[PDB]
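Undergrad: I am attaching a structure below and will ask some questions about it afterwards.
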Amino acid sequence: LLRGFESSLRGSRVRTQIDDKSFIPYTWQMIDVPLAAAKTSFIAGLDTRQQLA
Amino acid sequence: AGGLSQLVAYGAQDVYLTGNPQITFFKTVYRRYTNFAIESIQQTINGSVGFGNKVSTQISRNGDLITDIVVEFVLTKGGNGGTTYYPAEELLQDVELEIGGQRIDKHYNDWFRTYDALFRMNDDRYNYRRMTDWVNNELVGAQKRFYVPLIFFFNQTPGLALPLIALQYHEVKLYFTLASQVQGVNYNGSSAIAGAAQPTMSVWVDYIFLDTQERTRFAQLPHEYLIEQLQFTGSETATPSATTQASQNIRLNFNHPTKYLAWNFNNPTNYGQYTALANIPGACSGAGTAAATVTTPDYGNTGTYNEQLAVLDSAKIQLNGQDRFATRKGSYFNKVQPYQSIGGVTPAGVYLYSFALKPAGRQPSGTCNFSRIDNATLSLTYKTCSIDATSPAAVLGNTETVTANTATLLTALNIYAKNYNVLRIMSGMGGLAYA
Amino acid sequence: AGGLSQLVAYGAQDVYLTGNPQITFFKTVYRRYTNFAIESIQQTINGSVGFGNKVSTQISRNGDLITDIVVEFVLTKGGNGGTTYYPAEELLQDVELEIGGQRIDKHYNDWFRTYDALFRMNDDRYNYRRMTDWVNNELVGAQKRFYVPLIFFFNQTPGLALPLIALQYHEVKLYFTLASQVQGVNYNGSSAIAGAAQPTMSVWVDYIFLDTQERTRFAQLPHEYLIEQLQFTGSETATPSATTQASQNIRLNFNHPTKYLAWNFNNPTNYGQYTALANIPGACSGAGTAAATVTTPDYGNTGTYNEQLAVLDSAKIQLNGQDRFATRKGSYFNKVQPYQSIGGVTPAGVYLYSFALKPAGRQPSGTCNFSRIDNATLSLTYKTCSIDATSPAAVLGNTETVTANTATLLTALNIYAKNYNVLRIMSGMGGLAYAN
Amino acid sequence: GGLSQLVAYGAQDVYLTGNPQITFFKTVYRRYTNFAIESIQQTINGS
Amino acid sequence: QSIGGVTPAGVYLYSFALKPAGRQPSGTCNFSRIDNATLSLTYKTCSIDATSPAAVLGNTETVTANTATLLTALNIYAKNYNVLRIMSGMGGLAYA
Amino acid sequence: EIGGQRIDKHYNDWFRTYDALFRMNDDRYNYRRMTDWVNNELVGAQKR
Amino acid sequence: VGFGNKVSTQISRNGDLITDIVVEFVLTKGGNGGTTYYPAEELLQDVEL
Amino acid sequence: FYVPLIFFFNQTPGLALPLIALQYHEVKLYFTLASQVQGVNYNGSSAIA
Amino acid sequence: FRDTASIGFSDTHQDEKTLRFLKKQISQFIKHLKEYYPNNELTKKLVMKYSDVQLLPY
């Protein structure tokens, strides 16, 4: 009780307790939905300046 | 005769240079690349733009990747030539970058000035000044559009283009704080300028449009971009005195692998003032004549290379109780550090210390990881402020360790650190690898 | 509309640029590197610092590699602004680089000035002057610390950092000669300045500390560094004259695969004076008025870009009896050579002829090996010194082949050559692959 | 000193120095095809 | 938000807890794991002539009385949780 | 704009030209009623 | 933003859950003491969730 | 001035809105500001210049 | 030439690490109020505090 008590000594206040772990699992939201992507020939068009007949 | 006489001059000594040749200088090799286009698209700014206001914008999904961002402002001179100093830069008090709700980075008007002071140069710097100030002796009422390029990691190279395409579920927002006042535009020192106009503002983002193959690749894959971040804290400069050399041990609240530290001392009233005022040519309003007053700078000439007006005598960085290098004079950090590491010219009052071989690049080249340092201390010794600033002889003819009595006005200290982190883009979301 | 309208505009002429793509620009691959750190350490200066004195320092084996070296000097002004010209440059009369007792290289105050004139530029040059001179109109009694970077091969790139760690038996030393006089500091022209202070000096070396794996390899493995060396000789200038066009053939006692030659003509009295003086702004003390003296320079403006004040009419290099190239005018060597090969601006009176495509770089890009030349000769033709330097009408309205009467004072000629050698390191000792 | 920085190695540095690929202290220059450059005057035809 | 009372001017509170006024822990900031916990304070400009009630009562947000410069002492408090262990007739704290 | 791609764009002048050509009769009048003041309203009048 | 205007906000995903929300306003008196009654409350005419 | 909102989630943490569980739905607040506020921009029926 | 055996840099046998080093010692031993571990096992702590070498042949 008087000597076996844990004190907030050096080594426990190191910055690596925060900087070594990334904040990605605490802020990111679960998606589980696939992302889209489409060809450039789908949004722009077919470029009607081709041949004639 | 002619060039043939040199080719024949070939011996054993030339083997290390041209024997068993590996390359040829006469044939350039370029590589085939993906097909892409670039478009500059105007964004919608939320909140009212004006002095002292805080506004923001979400970057639209017009393209796949983004790089350069330029903020346009329209400012009108509130007085004649010489009353302003980089006023569009001063106006943009700061910008925050947030992705999906996580702050990634932040820049400050002073940082833009400090950054510029250290890393831009020559005509890059001049052209920059042309986009933020009035440099052709413009007069009161002059109206100009200013362009403030941003300095976030994706605004420097396509190499770090932000993959909006792979940030399918996250918004990217920029928060811009506008200064309450801009010298020579809406205020002259502390006095408001009657009739001053509020600035017009617009944010433009330059988008990259990808072809089918690259657009698909980006959307479907996870990405990891090694990017830069700016850390910053403000503090009080131990005020120097005519009779003593003030000293100060400043604890640096920095983390992550830092390429360099940068800092300046300034008069918080006068944007860009990193040196003392004096009656020498351009160092004060009216310098050179009877009206010279060392309470106000010649704003158009706010900066100077005259280190005599700088406050810092010497400095060192101590890490975990040990000197990281021998104590060097302030002029070292002002002239040599950037000579060696950047190659431009740093104005008086602005200092740099690199932990990197080439801090001006994007490729890491040695860093100081402050997440592994308990006691990061910047130790500063200041010059004595005994020089009568109103007498150019007193200033121009003085010693290495002294400065202007007006250097005691440089009470603000801005300490910056630029470091690396990793921006992870996965499953449509962005965030940082290291907290 | 917008960027998609450019992407859709695709055809046969795009194939050579984007078909079967090899690279992108939108994602940079960065290369993971070794663990190293850089620290500035003060060296002890043996000998005695002072004007005209010699000193030396051993670079201490503080780090597992060395690069940048900056020599600090503290000087005071012996007169007002306009009296000094790169005084810390003048002060560092020379520096010798020695490894294991053998000279590797040697630079001269004039080389630093010549080098600067040709290879530094823009803000790099201005910031450079800020470290060696007084550029804010400082007055008599002013005190400044100057920083003179050295330009030995290892002082320019980490790529050639010297492995002190691999030199267990050899020390590397720097020997310095401090000029007997420095203009505007302890002398004004030929006159001594009473009460002038002696310099304070310190040599600083930036050390590279390697981690365990990298350090081990450097300590054990043999190395071959491609290095630069400066060859230099002083010659008398065929004295320019008002009555004619002096000419001269200077045999060049050079060897090794030379990147480039460089030279200047000067008045040894005034450090950095490569041109004639005249009564035109900046070309002399008091220029522009009745009191102007064309025999004393405006020291603060000693250098100039006005080629009319230079003395070289034309030149060529002859190798083993044959012309290397057709004779070209002095302005070719002053303006064109550095335009084409360096991209900076060279002051009048300083000339360059490169054998290299990129003489300013580390990587070999064409060299002239003078070891295979029995007779390497620089041929010079001088301008006629017929122009009265005290009369701007004559000074500024003259012809291509003439110069100032004061140009005859430019009696010294300094010819430099920069070449490539190999610094071999093994078993704790350094060595050069080639003597000549 | 510089050594106190070297030992300051962390998770954050894995992307900078972990599994190192390159160094900065050993430049190996390329051997190249031997050549010489000569400036030669051309004949200009016409006044 | 955190107490439900009314605090006098010049006294400030910042809670890390949902209900700091209670006994039950409801969120805490552990400063034993923070190296640099810094409180950043920006002060008002003491431009108001305190002897003129109009000057005080009709003024702006960013200013205060000239007599406000007399408030030269700063008192910063923090309230935390710890454990008082009691065993075999004796007690003491689990953490220092 | 759909998905970042411009599909179309109208201009105030187009609305005026469009109307001039394609609206008519009371549709046109009602349109004017929704975009202007057509009942001799006076200064200070407010309208949605 | 100003008197008579309708404005809105979208709550960003900075954290996981949201609770207390405070709307800050800066107002200036158009008359002396005794001429106002809970004016910031009056100002926020309505809020729709 | 500060005007705390009085929606259920603004009164107890127990009803905190799980933005985290609302991944595809946004939470918005629409605020209407009064055209007039007594003692600020109007005094009875009169406007305050 | 000048029989110089070692580089004049402290990296010889100095522990220029941060105080996280002490935390690392708590990894090899018990990770709690471990003061009784160095208070008693001076030999174990000394063997845990020795330097490493990497020879260099001439």
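Residues displayed in chain B correspond, in order, to Swiss-Prot positions 2-436.
This deposition comes from electron microscopy, 3.5 Å.
Every residue gets a Cβ built from N, Cα and C, even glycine.
As listed in Swiss-Prot for this protein:
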- B:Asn280: N-linked glycosylation site (CARBOHYD)
- B:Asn302: N-linked glycosylation site (CARBOHYD)
- B:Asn399: N-linked glycosylation site (CARBOHYD)
- B:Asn406: N-linked glycosylation site (CARBOHYD)
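Could you place the listed features in the three-dimensional structure?
TA: Around the Cβ of B:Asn280 (N-linked glycosylation site), the same chain contributes B:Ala288, B:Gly289, B:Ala293, B:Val295, B:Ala390, B:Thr391, B:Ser392, B:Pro393, B:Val396, each under 8 angstroms and 6 or more positions distant in sequence.
Take the CB of B:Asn302 (N-linked glycosylation site) and look out to 10 A: across all protein chains shown you find 15 other CB atoms.
Secondary structure from DSSP puts B:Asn399 (N-linked glycosylation site) in coil.
Within 10 Å of the C-beta of B:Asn406 (N-linked glycosylation site) there are 23 other C-beta atoms, taking all protein chains into account.
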Undergrad: Looking at the glycosylation sites B:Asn280, B:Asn302, B:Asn399, B:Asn406, which ones have a CB within reach of chain C, meaning under 8 Å Cβ to CB?
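TA: Near chain C - Cβ to Cβ under 8 Å - we find B:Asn399.
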Undergrad: Just to verify a number: CA distance, B:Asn302 (N-linked glycosylation site) to B:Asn406 (N-linked glycosylation site), in angstrom, no decimals.
TA: 20
Undergrad: Do me a favour and check the Cα-Cα span between B:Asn406 (N-linked glycosylation site) and B:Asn399 (N-linked glycosylation site); whole Å is fine.
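TA: Just about 13 Å between their Cα atoms.
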Undergrad: Mind giving me a neighbour count for B:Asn399 (N-linked glycosylation site)? Other Cβ atoms within 10 Å of its Cβ, every protein chain shown.
TA: 21
Undergrad: Glycosylation sites B:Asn280, B:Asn302, B:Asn399, B:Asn406: which sit with Cβ under 8 Å of a chain F Cβ?
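TA: Listed in sequence order, the glycosylation sites near chain F come to none.
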